[PDB]
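Scroll down for the structure; my scribbles are underneath it.
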Amino acid sequence: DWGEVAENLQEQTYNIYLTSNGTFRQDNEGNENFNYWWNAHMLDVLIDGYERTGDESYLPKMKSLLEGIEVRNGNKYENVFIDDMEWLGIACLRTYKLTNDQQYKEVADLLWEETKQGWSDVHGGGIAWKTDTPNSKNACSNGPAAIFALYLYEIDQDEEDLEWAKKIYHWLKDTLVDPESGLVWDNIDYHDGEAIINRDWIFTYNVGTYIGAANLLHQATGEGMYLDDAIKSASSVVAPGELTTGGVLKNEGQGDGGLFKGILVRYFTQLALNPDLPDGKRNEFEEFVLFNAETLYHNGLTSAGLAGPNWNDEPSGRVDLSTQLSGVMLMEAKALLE
């Protein structure tokens with residue numbers, strides 16, 4: 001069953017990438033480089049496993065990871081990459097909602113304060129990409145920020161957190177979202193004195209976090225406009241276009257790009273579980289997840305359980321942790337859809 005596929009990928013990922021301090025190394029060829037936001041998504045994958053199985057063995061692995069991230073980041077959680085902080089904050093609030101472990105909440109609160117400090121009037125709003133790159137406002141430092149704020153609002157029910165979610169999402173939609181397709185451009189930045197939007201870089205995980213934010217805003221407010229937003233973006237993901245090759249989410253390389261597919265699948269799946277989704281869209285989205293899962297399972301996984309950047313070809317060399325996490329995420333999402 002899909003659950004057993006996901007469990008096997010979980011075990012393989014853990015054993016191949018485990019390294020010092022309960023964190024996870026950059027690749028399977030001995031590169032020990034610490035990648036903060038990849039390890040945040042490893043936390044996300046471990047939570048996926050815990051939620052599926054209820055197996056208590058996930059909990060020490062999660063906790064060690066949380067603490068190891070702090071150590072390998074220089075004995076602090078703050079990072080000059082603001083998107084990094086947002087991703088870890090999301091994982092921490094997910095875990096808090098599931099375990100009530102206050103250590104995760106305290107980390108998330110620190111990171112939320114860091115995140116808000118990244119907002120500025122450059123380009124009319126939005127959270128900066130990095131604390132030393134204030135003039136770049138990126139989909140990956142805003143979509144996740146809106147999700148982070150929505151999890152915080154769901155938990156502490158402080159209205160200022162929903163205010164923040166709405167502010168962030170409104171700026172994102174106005175600036176970086178194509179009004180017709182709902183695809184999401186990577187960033188707006190100043191280059192040689194002038195403001196440029198990179199429309200060439202349409203990445204899976206940016207439309208993914210836009211969908212995720214839209215879906216959570218729908219759940220936080222009830223307003224159908226958010227669900228319509230989510231549906232338009234997701235429908236453009238399913239239909240043939242820039243993000244698919246033969247009905248399969250495209251190869252976006254390794255390194256950071258290796259993780260992009262998995263993040264889209266995560267939030268795509270959360271949309272498909274939205275109770276107010278029309279039945280036809282639900283069936284279509286579930287089918288899309290199944291088709292990608294089948295394709296990776298039969299054509300992309302090496303015998304040892306490693307997924308490559310192209311879910312249709314087995315990798316023959318280095319596999320970065322990010323790439324592998326995307327495969328694990330797809331399988332956990334399929335299992336979640338039963």
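Here, A, B, ... name the chains of the structure tokens in the order displayed, residue numbers run from 1 inside each chain, and ligands are numbered from 1 in the same displayed order.
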(message) I want to know what sits within 10 Å of residue 228 (chain A), based on only C-alpha atoms, with residues of the same chain fewer than 3 positions away left out; could you give that as a PyMOL selection string?
(response) chain A and resi 214-215+218+223-225+231-234+277
Mind dumping a table of every region 215-315 of chain A residue within 12 Å of region 27-37 of chain A, with the nearest atom pair and its distance in Å to one decimal, using only C-alpha atoms, sorted by chain and rising number, as a Markdown table?
```
| residue | atom | partner | partner_atom | distance |
| --- | --- | --- | --- | --- |
| A:254 | CA | A:27 | CA | 10.2 |
| A:255 | CA | A:27 | CA | 9.3 |
| A:256 | CA | A:37 | CA | 9.1 |
| A:258 | CA | A:27 | CA | 11.5 |
| A:259 | CA | A:37 | CA | 9.8 |
| A:260 | CA | A:37 | CA | 11.9 |
| A:304 | CA | A:28 | CA | 11.8 |
| A:306 | CA | A:28 | CA | 9.6 |
| A:307 | CA | A:28 | CA | 11.8 |
| A:308 | CA | A:27 | CA | 11.8 |
| A:315 | CA | A:28 | CA | 11.9 |
```
Would you list the contacts of region 145-156 of chain A as a PyMOL selection string, taking every protein, DNA or RNA residue within 9 Å and counting only C-alpha atoms, but skipping same-chain residues closer than 6 positions in sequence?
-> chain A and resi 83+86-87+89-91+93-94+97+108-109+112+115-116+127+162-169+209-210+212-214+216-217+220
Saved selection, atoms kept: N, CA, C and O atoms, as a CSV table (one decimal), in the first residue's frame:
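Dumped everything to again14.csv:
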```csv
chain,number,residue,atom,x,y,z
A,83,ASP,N,13.1,33.4,4.5
A,83,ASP,CA,12.3,32.2,4.1
A,83,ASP,C,12.6,31.0,5.0
A,83,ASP,O,11.8,30.2,5.4
A,86,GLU,N,10.8,31.1,8.1
A,86,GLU,CA,9.4,30.8,7.9
A,86,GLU,C,9.1,29.3,7.8
A,86,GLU,O,8.2,28.8,8.4
A,87,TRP,N,9.9,28.6,7.0
A,87,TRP,CA,9.7,27.2,6.8
A,87,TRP,C,9.8,26.4,8.2
A,87,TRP,O,9.0,25.6,8.5
A,89,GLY,N,9.4,27.7,11.2
A,89,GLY,CA,8.3,28.1,12.0
A,89,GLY,C,7.0,27.3,11.7
A,89,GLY,O,6.3,26.9,12.6
A,90,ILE,N,6.8,27.1,10.4
A,90,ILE,CA,5.6,26.3,10.0
A,90,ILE,C,5.7,24.9,10.5
A,90,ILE,O,4.7,24.3,11.1
A,91,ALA,N,6.9,24.2,10.4
A,91,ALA,CA,7.1,22.9,10.9
A,91,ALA,C,6.9,22.8,12.4
A,91,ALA,O,6.3,21.9,12.9
A,93,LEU,N,5.0,24.9,14.3
A,93,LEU,CA,3.6,25.1,14.7
A,93,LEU,C,2.8,23.8,14.3
A,93,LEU,O,1.9,23.5,15.1
A,94,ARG,N,3.1,23.1,13.2
A,94,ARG,CA,2.5,21.9,12.9
A,94,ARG,C,2.7,20.9,14.1
A,94,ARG,O,1.7,20.3,14.6
A,97,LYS,N,0.7,21.9,17.2
A,97,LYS,CA,-0.7,21.5,17.1
A,97,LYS,C,-0.9,20.1,17.4
A,97,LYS,O,-2.0,19.7,17.9
A,108,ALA,N,8.8,28.8,17.3
A,108,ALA,CA,8.0,29.4,16.3
A,108,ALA,C,7.8,30.9,16.6
A,108,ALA,O,7.8,31.8,15.7
A,109,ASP,N,7.6,31.3,17.9
A,109,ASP,CA,7.4,32.7,18.3
A,109,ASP,C,8.6,33.5,18.0
A,109,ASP,O,8.5,34.6,17.4
A,112,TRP,N,8.7,34.0,14.3
A,112,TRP,CA,7.6,34.9,13.8
A,112,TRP,C,8.0,36.4,14.0
A,112,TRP,O,7.8,37.2,13.1
A,115,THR,N,10.3,37.1,11.3
A,115,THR,CA,9.7,37.2,10.0
A,115,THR,C,9.0,38.6,9.8
A,115,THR,O,9.2,39.2,8.8
A,116,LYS,N,8.2,39.0,10.8
A,116,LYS,CA,7.6,40.3,10.7
A,116,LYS,C,8.6,41.5,10.5
A,116,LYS,O,8.4,42.4,9.7
A,127,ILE,N,7.4,40.7,2.5
A,127,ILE,CA,8.5,40.4,3.4
A,127,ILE,C,9.8,40.2,2.5
A,127,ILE,O,9.7,39.5,1.5
A,162,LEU,N,-3.9,37.3,12.0
A,162,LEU,CA,-4.7,37.2,10.7
A,162,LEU,C,-4.6,38.5,9.9
A,162,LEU,O,-4.5,38.4,8.7
A,163,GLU,N,-4.5,39.6,10.5
A,163,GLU,CA,-4.2,40.9,9.8
A,163,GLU,C,-3.0,40.7,9.0
A,163,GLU,O,-2.9,41.0,7.8
A,164,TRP,N,-1.9,40.1,9.6
A,164,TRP,CA,-0.7,39.9,8.9
A,164,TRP,C,-0.9,39.0,7.7
A,164,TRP,O,-0.4,39.2,6.6
A,165,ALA,N,-1.5,37.8,8.0
A,165,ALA,CA,-1.8,36.9,6.9
A,165,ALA,C,-2.4,37.6,5.7
A,165,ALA,O,-2.1,37.4,4.5
A,166,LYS,N,-3.4,38.4,6.0
A,166,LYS,CA,-4.2,39.1,4.9
A,166,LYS,C,-3.3,40.1,4.1
A,166,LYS,O,-3.3,40.1,2.9
A,167,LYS,N,-2.6,40.9,4.9
A,167,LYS,CA,-1.7,41.9,4.3
A,167,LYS,C,-0.7,41.2,3.4
A,167,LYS,O,-0.5,41.6,2.2
A,168,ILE,N,-0.1,40.1,3.9
A,168,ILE,CA,0.9,39.4,3.1
A,168,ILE,C,0.3,38.8,1.8
A,168,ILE,O,0.8,39.0,0.7
A,169,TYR,N,-0.8,38.1,2.0
A,169,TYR,CA,-1.5,37.4,0.8
A,169,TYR,C,-1.9,38.5,-0.2
A,169,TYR,O,-1.8,38.2,-1.4
A,209,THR,N,2.8,27.3,-2.2
A,209,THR,CA,2.5,28.0,-1.0
A,209,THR,C,1.5,29.1,-1.3
A,209,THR,O,0.8,29.5,-0.3
A,210,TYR,N,1.3,29.6,-2.5
A,210,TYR,CA,0.2,30.5,-2.7
A,210,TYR,C,-1.1,29.7,-2.5
A,210,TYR,O,-2.1,30.2,-1.9
A,212,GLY,N,-1.5,27.0,-0.7
A,212,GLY,CA,-1.6,26.7,0.7
A,212,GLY,C,-2.2,27.9,1.5
A,212,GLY,O,-3.0,27.8,2.4
A,213,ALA,N,-1.7,29.1,1.2
A,213,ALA,CA,-2.1,30.3,1.9
A,213,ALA,C,-3.6,30.6,1.6
A,213,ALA,O,-4.4,30.9,2.5
A,214,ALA,N,-3.9,30.5,0.3
A,214,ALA,CA,-5.3,30.7,-0.1
A,214,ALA,C,-6.2,29.8,0.6
A,214,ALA,O,-7.3,30.2,1.2
A,216,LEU,N,-5.7,28.1,3.5
A,216,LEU,CA,-5.8,28.4,4.9
A,216,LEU,C,-6.6,29.7,5.2
A,216,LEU,O,-7.3,29.8,6.2
A,217,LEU,N,-6.5,30.7,4.3
A,217,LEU,CA,-7.3,31.9,4.5
A,217,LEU,C,-8.8,31.6,4.3
A,217,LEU,O,-9.6,32.2,5.0
A,220,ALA,N,-9.7,30.2,7.5
A,220,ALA,CA,-9.7,31.2,8.6
A,220,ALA,C,-10.8,32.2,8.5
A,220,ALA,O,-11.1,32.8,9.5
```
Practice problem: Could you tell me, as a ChimeraX atom specification, which residues of region 62-215 of chain A DSSP assigns to strand (DSSP E) when given the backbone? | Solution: /A:128-130,133-138,187-191,194-197
Export of the given selection (N, CA and C atoms) as a compact mmCIF listing (two decimals), in the first residue's frame:
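out20.txt, freshly written:
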```txt
# COMPACT_ATOMS: atom_id res chain seq x y z
N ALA A 128 10.89 40.71 3.01
CA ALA A 128 12.13 40.58 2.28
C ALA A 128 12.61 39.13 2.28
N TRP A 129 13.39 38.81 1.25
CA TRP A 129 14.00 37.49 1.13
C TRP A 129 15.02 37.23 2.24
N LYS A 130 15.91 38.19 2.47
CA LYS A 130 16.97 38.05 3.46
C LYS A 130 17.11 39.35 4.23
N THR A 133 19.32 41.55 2.17
CA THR A 133 18.85 41.77 0.80
C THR A 133 17.43 42.32 0.90
N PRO A 134 17.27 43.53 1.45
CA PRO A 134 15.91 44.05 1.72
C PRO A 134 15.12 44.43 0.48
N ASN A 135 15.75 44.57 -0.68
CA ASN A 135 15.05 45.03 -1.87
C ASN A 135 14.59 43.89 -2.76
N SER A 136 14.75 42.65 -2.31
CA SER A 136 14.19 41.49 -2.99
C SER A 136 13.01 41.00 -2.15
N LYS A 137 11.81 41.00 -2.75
CA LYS A 137 10.61 40.47 -2.10
C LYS A 137 10.19 39.23 -2.89
N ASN A 138 10.24 38.06 -2.25
CA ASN A 138 10.11 36.79 -2.96
C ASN A 138 8.84 36.03 -2.59
N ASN A 187 10.00 36.47 -7.82
CA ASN A 187 10.36 37.61 -6.99
C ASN A 187 10.25 38.91 -7.78
N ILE A 188 10.25 40.01 -7.03
CA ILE A 188 10.42 41.37 -7.55
C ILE A 188 11.63 41.97 -6.82
N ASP A 189 12.54 42.58 -7.59
CA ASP A 189 13.85 42.98 -7.07
C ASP A 189 14.34 44.20 -7.86
N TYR A 190 15.28 44.95 -7.27
CA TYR A 190 15.91 46.06 -7.97
C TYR A 190 17.21 45.56 -8.60
N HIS A 191 17.31 45.73 -9.92
CA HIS A 191 18.49 45.37 -10.70
C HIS A 191 18.96 46.63 -11.42
N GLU A 194 16.45 49.46 -11.23
CA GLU A 194 15.07 49.38 -11.70
C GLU A 194 14.38 48.12 -11.18
N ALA A 195 13.07 48.24 -10.99
CA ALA A 195 12.27 47.17 -10.40
C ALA A 195 11.87 46.17 -11.48
N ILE A 196 12.27 44.92 -11.29
CA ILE A 196 12.01 43.86 -12.25
C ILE A 196 11.35 42.68 -11.53
N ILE A 197 10.33 42.14 -12.17
CA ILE A 197 9.69 40.91 -11.73
C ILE A 197 10.22 39.77 -12.59
```
**Report entry** All helix (DSSP H, G or I) positions in region 125-247 of chain A, as a ChimeraX atom specification
**Finding:** /A:139-141,143-156,159-176,204-221,224-238
- Query: Could you work out how far CA of residue 324 (chain A) lies from CA of residue 301 (chain A), giving the answer in Å with one decimal?
  - Reply: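 Separation between CA of residue 301 (chain A) and CA of residue 324 (chain A): 9.7 Å.
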Given only C-alpha atoms as the counted atoms, nearest of A:328, A:59, A:65, A:271 to residue 297 (chain A):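 Closest residue, counting only C-alpha atoms: A:328.
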Skip residue 236 (chain A) itself and residues of its chain fewer than 4 positions away, then list as a ChimeraX atom specification all residues within 10 Å of it, counting only C-alpha atoms. /A:180-183,207,231-232,240-244
- Task: Go ahead and compute the interatomic distance for CA of residue 201 (chain A) and CA of residue 185 (chain A), in Å to one decimal.
- Result: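 Taking CA of residue 201 (chain A) and CA of residue 185 (chain A), their separation equals 6.0 Å.
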For residue 13 (chain A), the closest of A:326, A:125, A:160, A:336 counting only C-alpha atoms is A:326
task = Considering only C-alpha atoms, state which residue in the set A:6, A:265, A:238, A:248 is at the smallest distance from residue 52 (chain A).
result =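 Closest candidate: A:6.
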